[PDB]
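A quick write-up on the structure given underneath.
Labels for the chains are A, B, C, D, E, F, G, H and I, by order of writing; each one numbers its residues from 1.
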Amino acid sequence: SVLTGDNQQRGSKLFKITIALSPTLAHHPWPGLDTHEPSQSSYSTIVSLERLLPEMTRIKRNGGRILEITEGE
Amino acid sequence: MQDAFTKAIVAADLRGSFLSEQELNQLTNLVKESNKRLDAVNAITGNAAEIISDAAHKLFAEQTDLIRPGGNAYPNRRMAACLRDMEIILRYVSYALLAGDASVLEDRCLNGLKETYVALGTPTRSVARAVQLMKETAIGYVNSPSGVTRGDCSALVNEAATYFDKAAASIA
Amino acid sequence: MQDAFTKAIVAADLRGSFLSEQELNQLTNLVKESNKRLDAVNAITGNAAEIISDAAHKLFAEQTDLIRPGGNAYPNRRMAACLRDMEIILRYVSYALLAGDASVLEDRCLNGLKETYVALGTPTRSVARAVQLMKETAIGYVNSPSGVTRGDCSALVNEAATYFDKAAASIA
Amino acid sequence: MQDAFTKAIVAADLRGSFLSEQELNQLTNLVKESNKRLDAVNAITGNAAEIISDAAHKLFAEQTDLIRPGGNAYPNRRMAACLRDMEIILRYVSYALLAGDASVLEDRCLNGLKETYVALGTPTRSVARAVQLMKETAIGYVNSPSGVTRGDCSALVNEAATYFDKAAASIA
Amino acid sequence: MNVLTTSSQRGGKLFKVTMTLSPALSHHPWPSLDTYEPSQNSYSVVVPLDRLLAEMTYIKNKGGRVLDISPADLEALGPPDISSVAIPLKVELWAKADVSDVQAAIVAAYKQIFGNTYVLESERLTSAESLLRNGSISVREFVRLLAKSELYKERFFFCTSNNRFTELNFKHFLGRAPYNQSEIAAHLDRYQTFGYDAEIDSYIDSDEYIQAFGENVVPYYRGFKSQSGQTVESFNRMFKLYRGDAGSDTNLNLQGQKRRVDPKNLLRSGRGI
Amino acid sequence: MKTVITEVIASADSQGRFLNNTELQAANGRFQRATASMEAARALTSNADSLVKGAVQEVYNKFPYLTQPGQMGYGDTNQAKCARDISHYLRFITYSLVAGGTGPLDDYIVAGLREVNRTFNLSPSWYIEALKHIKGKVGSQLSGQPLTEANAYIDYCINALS
Amino acid sequence: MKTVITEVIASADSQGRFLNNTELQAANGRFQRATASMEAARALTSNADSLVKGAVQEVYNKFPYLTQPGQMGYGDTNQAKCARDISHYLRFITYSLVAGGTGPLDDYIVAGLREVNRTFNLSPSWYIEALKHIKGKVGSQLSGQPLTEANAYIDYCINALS
Amino acid sequence: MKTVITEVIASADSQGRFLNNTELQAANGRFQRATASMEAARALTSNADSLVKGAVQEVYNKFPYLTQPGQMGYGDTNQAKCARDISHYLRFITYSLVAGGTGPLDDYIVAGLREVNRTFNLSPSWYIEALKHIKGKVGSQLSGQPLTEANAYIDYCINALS
Amino acid sequence: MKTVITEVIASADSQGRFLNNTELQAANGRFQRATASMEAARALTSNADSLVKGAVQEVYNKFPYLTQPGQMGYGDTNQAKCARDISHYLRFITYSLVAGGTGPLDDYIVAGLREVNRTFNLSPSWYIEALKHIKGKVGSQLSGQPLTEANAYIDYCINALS
């Protein structure tokens, strides 16, 4: 997701992370095995340096892996 | 407590006004029906014992478990209660019918009845059922008397129903 | 949620039985009125804005103090809320009217309403008043429409009333 | 119950100790003021009726709606209550003033007051107002008496205020 | 307790009073020191309006003190219907969402995130809405912006105590009610050191979030239906936290921000640490 | 609120018994009476205003000094109040006629009458005159039972006031 | 003894107040009704005997076995009693009509009914039939309000018995 | 807690009336006396210790056997307690003087005195001596009203103990 | 009758306990005050008459219309009464001072005040003026505590009357 502006109101240096998405990370609210969306196999979210550690760790434990990290700007 | 007349008053009071002529005409006509109204009540009271007796029989024929060991109408003690309760509800309904207002029945009996029944473990469902059974029997009498001047009681009959139903609903 | 049909079903279910033929005939008839029923709803929705606008004007003409500093409809912020609320109640009422059942209204809207109003310090009396004011205006439209095939809507009109009144009562 | 003296004791008790000489000197001086203290009380009690009468007049001049049909001070019955209440609060305040301690006031009087007012639908705001109105009038007398030795009562006057205010706050 | 009649036979609004009993007020007829019975430390009576004044004064003149008074009409009312929260409903924001679908997620998000609390047009947040619908923000990220907004702090966090703000958060961000004091304590500490922003993050960051309503699903009420690792009491708590539809979390009401879940109830489900 | 109908219900309820013949007889009494009562109310309601003017006025004639400055009757506010009050009394009386019991009167007017009056220094006497003057006027527009009813209630207040 | 008149007095007395309009209305009801009530009583009083015979009889038809030896219906003494009793019930019913309240019935017949009946093993059922049979006969000699009144009271007992 | 001031409030409160002259008179009494009371307290507070030693001691002289092994007076723990106790009594007496009422005494010392003493087999007698011995010493350091006050309170306990 | 002394006895008696120091303190208060109280009484007693004349008079100035024919103030009988009454108030205030409590005032005058006044249509207002006028005069003959006392009691009535 291309950042239209700095997403985060609280301000630090912001990094764009692109992740391969497990079904767990974004299960659809459906009966049977939850399926992450087809359209976005790779969600891409800008993240403040402060929240970057948590976000990564949570991504890691969930199947999905970091395709690539890029500074937001 | 409250009744049709008193009620209208109270409303009028908060507006701060004399009664509207329109409003009088509600009461004026209400008066006219009195005689019918009364006989209706009289019919219930006259047949009371029966109404209940009847309803009970039917209630227990249907829900045989109530009267089985482990059920709620067993043993005697409980059974007695259950009969007593039915009666009460009836009594209140009648009261309302005369007043021409639900208030008395709801405040004196219904408000909190459900929860009581719940706490005890009485199945509210069945209670409601009984109330209906009663309703039908009661109407039966109200609507089919002998030696009364023949005419139309429907208006009253329906109001009667409603009262029974408020009961059924709030209990249920 | 619930409505006339579903309701009757549920009742039938607890008895454990197919629907009684008598009971079908309630629903059969209910269907027939549909068209009338619908137009009623349509009339409310069509006039919504107005209904409220109107009722409000009258409400404030009566209880001048609500809009005075220290009153409950002052200042703007509060006024806004009060208008919003009126509308909501209306919205629900309409819903009910279509469903042919009070439930939706009771569960979403009325349930807890009194207590809220209390906690806030909102004078329940006035709220109730507003609801009635609305009622009358609303009926006004339901009952006097334009381009509709002429017939008798009373049955619907009364049911409408009842809904409004349940509202008035539970709030009050 | 409690009062200035008793209080200091209690504190001392939990430390497990005789009273500190410093602490005695609080009480010693408190005694000295007695005479002033007393006259203060006397002034309130002497003028009681008036204090209230006055405050009320002003209260109703301000909040006209209270006395209008639909308001909280209408009808007579309610009005009576409202007067009675004011008085009570006063009574307590006086008590406190003599004791030299808020407690009595808080525990007997203020405790539960707010909630009552809420449940009834009495507007707490207005109640608080009345309390203040009283306060001012009362001070008026405390501070301007007849036949009393001229001197400074401020210390007492302020403490008086505080009591009134605790009242106002907890009610509000 | 349940009251069985709303009004006295003579017309009169019954009020239910609750008090802490005292030995003077009721005592066993035994020899030795006078004791009340333990099970009635908090006693409750229903009194007409007329006797209310005298009854309350007597209670207070003895060692009693009035825990609370409440009209018997409000009391002796149904526990709130759970019809609408038994099955929440659930909103998904698809990618390439229509103008309308985005709207409907926004509304739902306000409703859940703010409690039935009304949000005025001036209160609403254009900027964060603007981000949703051109992409760039998830539903989960929007939710994090709301709970960062002043509007949110003004209502739930600046009026009440942290202990209440916690459960108030538990409800908005997870349907669940809180389970065990441990949870309340951890949030209180996190708030002291990290501060308000970290606390908010930790709900949205937590595994329950994402495991349920992970991303791009507006959060919905999980409680009221059986959840994993959820004490039973929690289910009763939910009935205290959630009163009806058209019941809210309001700072606006008299003594607006109190604690629905008495601290002793939390301690029941699990005491330790 | 005390009306015939409410009372018998109450009595029945206390004993825990169905409404039997006894009570219905009573009810019958009320409602039969109503026709007269109702008539009376229509008459008072219509002439309300005029009765009020006349009364207020009367009071001043009866107690000239009230209109002097520094008194209670003096300055419009007070006059307005005085009007209001008398109108309120009339409204309750009309209500009572219709309700068929003193109920409405008792609860609005009578209960707490004394203390109100004491604290604001309203002299019962005044009200009374108002009423009397009224009674006199009513004694023209009405006749027979309708009249009788009107009186009863008007008096009931006189007695309560005094 | 509970009659309309006694009750309103009682209610007035409890509150500590003079009889006001409320109560008189009620009283009025009792008096206007009386004319019908009184009529009914004259009718029952006259046909008493015949009603009684018919009733007693009925009971036996309804419960043949009673007349068999070793039973309660058997031997004249018992029959005499049975007659007496029904006659007593009738007298109280007449008394009530006139008094204009259930009073007389309550105090003589009803209070203690159960225990008496239990200790002597009188089956309510019997009495009931008696009454019903009566009611049926009365349903000829009377008409309109007079009838209605008679019924009310007769029933009141049925309900008490059952 | 019972002091002069609390009581008059209580009495006033019960009847539901304002503090009038009657009560203030009483209050005044308490305040006038205080000066003497206060003095007495300062005197006891200062000599506390010495009074205590002397008392404890006395008791042993009076009841030699207590100090023998296997008795209560024997072994330091007990002696410590014995000291403590007497000191507590003195503290309450000082508190009472200042409070201007028996209140403090009643609630701490007196209420439950008996049962405590019974269950632990403390003989009232002992305490008493302690007190008496004290009273005697106090009868030197004080004089006039100050003295009188001290006595009153000391005694009050004697009476409660016995 | 409520005086300081009676009350403490009462309170002592209720609890079932001996008069302890607490109550005596209170008593003492009453006695110390008496000297002032007594003085005040001697002063009122002496000037009685003159105070009375002045008061009665005042009332008439304040309410001219009273002296007009057909009013209450009119015709000697009434004037005599009016005098008497105020003299009764004067004698009883004096009694209270001496008794050292409101007691005498309460049962003799305050009790039943309202209803008496209602049934005979005595307007409290009047009395009040009388008192006020008095208070003003007394505010010359007396000074310091004696004065203060006199006031207290005079007022106590004002409050009771209003």
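In this section, contacts are C-beta pairs under 8 Å (C-beta built on N, C-alpha and C of every residue); 3 or more make two chains touch, one makes a residue touch a chain.
Any chain that touches chain C and also touches chain I is listed here: D.
The two sequence copies chain F and chain G touch through a face in which the numbers common to both exceed half of the numbers used overall.
When you average the Cα atoms of each chain and compare centres, the chain farthest from chain I turns out to be A. Repeated interface: D-H and one of D-F, B-F or B-G share more than half of their contact pairs by residue number, and that pair is B-F. Farthest from chain G in terms of Cα centroid separation is A. Chain A and chain G have CA centres that are 90 Å apart.
Taking the mean of the C-alpha atoms as each chain's centre, chain B and chain D sit 52 Å apart.
Averaged C-alpha coordinates put the centre of chain B at 26 Å from the centre of chain C.
If you average the Cα atoms of chain F and of chain H, the two centres end up 67 Å apart.
Chain contacts: chain D has residues 42, 48, 53, 68-70, 108, 118-119, 124 touching two or more partner chains.
Shared interface positions of chain E, defined as residues touching 2 or more other chains, are 9, 11, 61, 71, 73, 78, 254. Shared interface positions of chain H, defined as residues touching 2 or more other chains, are 3, 13, 20-21, 27-28, 100, 103. Those residues of chain D that touch chain I in the complex are listed here as 39, 42, 46-50, 53, 146-148.
On the side of chain G, the complex with chain F involves touching residues 2-4, 7-8, 11, 20-22, 25-30, 32-33, 100-103, 149, 152-153, 156, 159. Residues 1, 77, 80-81, 84, 88, 107-116, 118-121 of chain C touch chain E in their complex.
The part of chain E that touches chain A in the complex is made up of residues 90, 92, 94-96, 130-131, 134-138, 141, 145, 148, 197, 201, 205, 210-211, 213-217. Against chain C, in their complex, chain E makes its touches with residues 71, 73-74, 77-78, 80-81, 83-84, 118, 120, 243-248, 250, 252-254.
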